Each structure stands twice: as structure tokens, then as C-alpha cells.
Amino acid sequence: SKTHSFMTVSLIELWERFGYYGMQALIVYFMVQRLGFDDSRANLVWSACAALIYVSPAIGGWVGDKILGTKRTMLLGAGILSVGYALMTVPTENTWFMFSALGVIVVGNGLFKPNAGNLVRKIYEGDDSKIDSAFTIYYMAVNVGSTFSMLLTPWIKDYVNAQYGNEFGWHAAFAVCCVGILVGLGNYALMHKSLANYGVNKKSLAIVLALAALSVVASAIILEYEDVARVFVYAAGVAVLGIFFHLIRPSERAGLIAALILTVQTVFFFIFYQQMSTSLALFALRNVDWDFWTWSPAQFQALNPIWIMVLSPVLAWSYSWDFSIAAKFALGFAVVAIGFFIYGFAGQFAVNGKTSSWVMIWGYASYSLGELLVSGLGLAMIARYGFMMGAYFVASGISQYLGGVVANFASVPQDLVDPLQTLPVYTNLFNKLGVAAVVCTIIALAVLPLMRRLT
Ligand SMILES: C[C@H](N)C(=O)N[C@@H](C)P(=O)(O)O
Ligand SMILES: [Zn+2]
């Protein structure tokens, strides 16, 4: 009976991320192509949205576990997400229409993501090794879903734009997101009834919905106003750095210092990882050309889940059987390093103004493999000496915005359309970032003896 209970929760996650990534691939292009955003702001706005999205399940996790139901909060978040993309199907209107929609997605995410995952931790089966195996199948469930989205939505965006100019076009794609949610939540979520935590308090339901609407407003204001989010992130940074400042204040130092390095490396990693949704997505837009009527530049992001699915069974194959396998951080950075250098040396070979189509295929292959290697991100993994549920998680949220400030180094002015000139600024970033990625590789191994010391 464990199988059925896991199958449903996995299918809802599949369609949820279908809608989510189906939106992610296109949103930054939407701000640039349909709306008139410059890559500078487009990167910042999307990256602040990502920061909020990452940091969202913090509040909502506690909501489903202590305030309302786990299954109920999950279902609620899914409906909120549904109305989130529902808001994305209306034309242009005030710019504030989108920011609000994003804010709704923020809130929806926070109520779905942690609880849907909590169910997998609970049912099938609960306090067993099976959990780790389960979360991998669940991990794959995301990748299969986000595949069909990141391939269909830009294709539907392109196709509908050809039949009817501007509207729906992009909004047709956002409607695809919407109906995806209405497919997962609309079917699978009510097909089975599994046991959760609370199982509804109307006073608590109300106070939650009110605060959720308010959070949509507050998110919209941080997204629209560039400087506001900048201050919000800065404040969050002084916060995280302060917590670590109090934690370190002889024997505990061996773990804490290591954790401090780990968290910053995690921060570093998220920076690299955001590039593909930002700067690398923009680089790919200034090269729609594809060899391998199709194929759209946003479709390049789909390489990520596709590569993960094909490299996963390769990595699971192990001849081993030990301890301090934190060297996988270094390898990861190292593999990310050459990935960026692929884009770095893209300007040299295969260029007709600005070409290199396969450069994205092999590049993303390297990104996905590096992401695959740093799977043990766990906040408890760094906690060897317990304020990591905050400081670390928040730091990992802050980093998402930092990825946009780093993407901004490759921001092409709106008046610059000549691909022969856009190419170098992108490669110069990618060539720099690869080098920076080697620096972390060194960092990861320099901190290795500190992991050897505590054990
Ligand atoms: C599909 C994508 N590569 C992925 O696995 N994402 C998970 C880490 P998330 O959907 O929880 O961010
Ligand atoms: Zn170089």
C-alpha cells in the first residue's frame, strides 16, 4: 500500500514542477521580449523572485505541520499556485499584474513544496533507509515533469505567437502551466487519501489566507521596486553573517569553521547555478540557432532535466563497497568549471556572427553533472557542532539573488543588437566564472583536513 501512496504524491509533484519550470524557462524571456525589461533588471527581478521562492517553504512548512493540515496545506498551496499562473494568462495591463502573479507563486510554492516532500518523508514508509531511495525516485519525478514543460511551453509560445500576434502567445504558455497544475491537483491529489499531521480550524485558515494575500502584496512590492529587494537581501545578509558571528563565540571551532566554509561554497554554487536561468539563458537567446518549426532558445534550459535523467543511472552504478566524501564538492565545482569554459571557448570555434549550437548541449551536460554530484546539500550535513535551519537556508536563499548580480556582469545594453559584439561580453563572464569555479575547487580540498580533524 506504500507504493500507491507514494505514486500519487509523486504525480502531483510531477505536474506542479511541470507548471513551475514551464514558467521559469520563459519568465525572463517574457520580461525581455514581450515586456521591455533590460537584462540588468530582468536578471535582478527574476533572481529576487527565486530568492523568495527558495526561502518560502520555511514558513509554510511549519504551517502544514503545526497550524493547518500537511495534506491540506499542500492542496491549498497547489490551488494558490494554480491561480498564480491563472493570473499570467491575461495580456499586459499594469506591470504590477505580473509581479503580483509572481508573488502568488511565491506563496503557493511555500505551501506546496515542503509539505509535498514531508509526505514522502512520512508515508512510504517512515523511519527506514527506503526514504533515501524514495526521494531519489521523487527527485527524478521532478526531472521527468520539467522535461515535458520546458520543451512544450516555449514551443507553444512560439506557435501561438505565429497564429495570433502577442496575445495569447506567451500567455498561452502560461495557460499550459496553469492547466498542468489543474491536472495534478485536479486529479491525482484527490485520487488517494494518505495519512498526514493534522487530520480544519477556520480561525487559523482565515488568519493564514489573510497573511498569504498580504505576503503576495509584500512580494509584489519587493519585486517591482529593485532597490527594495536590494535592501531586503542586504538585511538578510547582515542577519546570516551575524548568526555565524555569535555561533563561533576550541573543540566546537573544528566543525563550525568547516560549516562556515561549506555554507559559503553552497552560496558560491547557487551563484553558478542561477546563471543558466539568467545570463546563459540570455546568451542562448542571442543565439536561437539550433541543429540538434523548432527549436526555441528557452528550450535549451530543458537540457538540464534531460541530462540529469540520462546521467543518473550512470552515477548510481558504483564499484565502491567510505568517509568525508565532501571531495564531491570539489569535483562538482571542477566539473562546473570546464562547463563554463565550454562557453568560454565558444567564441573561438563555430562562429558565424554568433553560433556554437552544441556548446549548450555539452555545457548543460557539465552543469547537470555538477549539480548531480552536490546532492548532499543537507543543512544537517554542515552542522557538525543548530542555527543552520535559518542561517544556512537563508544564506542559500540570498545566493539566488547573488546569481542575478553575477549574471548582470554580462548585461547587454538594449541598444546593442549586433551579435558579433554581444558574444565577447558573455564569454568573458563565462571564462571568468570558470576560473572562479576552480578557486572553489581548491577551497573545497583546502578545507578537507578540517573535516578529517573532527571525526
Ligand atoms: C529539474 C531540476 N534539475 C531539479 O531537480 N530541481 C530540484 C532541485 P527542485 O525542483 O526542488 O528545485
Ligand atoms: Zn580562461
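As numbered in the deposited numbering, residues 9 to 207, 215 to 264, 268 to 310, 318 to 346, 353 to 416, 423 to 492 make up the sequence shown, in order. Just so it is clear, CB atoms sit at the ideal spot from N, CA and C, and this is done for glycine as well.
For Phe380, the CB stays at least 7 Å from every heavy atom of ligand 2.
Ranking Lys138, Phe14 and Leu278 by CA distance to the CA of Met412 puts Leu278 first. One alpha carbon belongs to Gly375, the other to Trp389, and they sit about 13 Å apart. Distances from the CA of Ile333 to each of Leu453, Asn126, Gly153 and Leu362 were compared; the closest alpha carbon is that of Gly153. Counting only residues of its own chain and dropping the five nearest sequence neighbours on each side, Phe288 has a CB closer than 7 Å to the CB of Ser433, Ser436, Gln437 and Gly440. What you get when you keep residues with a C-beta closer than 7 Å to any heavy atom of ligand 2 is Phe372, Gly375, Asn468, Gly471 and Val472.
Here the C-alpha atom of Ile258 lies approximately 15 Å from the C-alpha atom of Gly273. Exclusion of the five residues before and after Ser13 leaves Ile131, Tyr132, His200 and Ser202 as the residues of its chain whose Cβ lies within less than 7 Å of its Cβ.
The nearest non-hydrogen atom of ligand 1 is 7 Å or more from the C-beta of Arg49. Residue environment for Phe424: exposed (fewer than 16 other C-beta atoms within 10 angstroms of its C-beta).
At least one heavy atom of ligand 1 sits closer than 7 Å to the Cβ of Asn329. Distance from the CA atom of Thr155 to the CA atom of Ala323, rounded to whole angstroms, is 12 Å. Here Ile20 is near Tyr196, since their CB atoms are less than 8 Å apart.
Just so you know, the alpha carbons of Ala481 and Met488 end up roughly 10 Å apart. Proximity of the beta carbon of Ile333 to ligand 1 is indicated: a heavy atom of the ligand is located closer than 7 Å. Burial check for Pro122: the Cβ neighbour count within 10 Å reaches 16 or more, so the residue is buried.
A distance of 8 Å or more separates the beta carbons of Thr284 and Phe364. Taking the Cα of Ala149 as reference, the smallest distance to any Cα among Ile164, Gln41, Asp73 and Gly125 is reached at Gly125. Three or more Cβ pairs closer than 8 Å define a contact, and the segment 17 to 34 falls short of that threshold against the segment 380 to 397. In the structure shown, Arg271 falls within a helical segment according to DSSP collapsed to helix, strand and coil. Between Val449 and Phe325, the alpha-carbon positions lie close to 20 Å from each other. Within the model, the alpha-carbon separation for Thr78 versus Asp309 is close to 46 Å. Counting only the Cα atoms, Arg490 lies some 42 Å from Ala327.
Taking the Cβ of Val367 as the reference point, every heavy atom of ligand 1 lies at 7 Å or farther away. Ligand 1 has a heavy atom closer than 7 Å to the beta-carbon of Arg25.
Here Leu84 has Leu119 as same chain residues with Cβ atoms under 6 Å from its own Cβ, once five neighbours each way along the sequence are excluded. In the DSSP annotation of this structure, the continuous segment of the alpha helix (DSSP H) that includes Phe107 starts and ends at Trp104 to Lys130. In the same chain as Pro461, and ignoring 5 residues on each side of it, the C-beta atoms closer than 7 Å to its own belong to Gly378, in chain order. The closest heavy atom of ligand 1 lies less than 7 Å from the beta carbon of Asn151. Of all alpha-carbon atoms in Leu280, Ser399, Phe372 and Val367, the one lying nearest the alpha-carbon of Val339 is that of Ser399. Just measuring C-alpha positions, the residue of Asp307, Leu466 and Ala361 sitting nearest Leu404 is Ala361.
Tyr416 sits in coil when the DSSP states are folded into three classes, being neither helix nor strand. Nearest neighbour of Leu34 by Cα position, chosen from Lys385, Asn151, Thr296 and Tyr429, turns out to be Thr296. In the DSSP assignment, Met82 falls within the alpha helix (DSSP H) that extends over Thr78 to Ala94.
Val184 is the residue among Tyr172, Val184 and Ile139 whose C-alpha sits nearest the C-alpha of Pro162.
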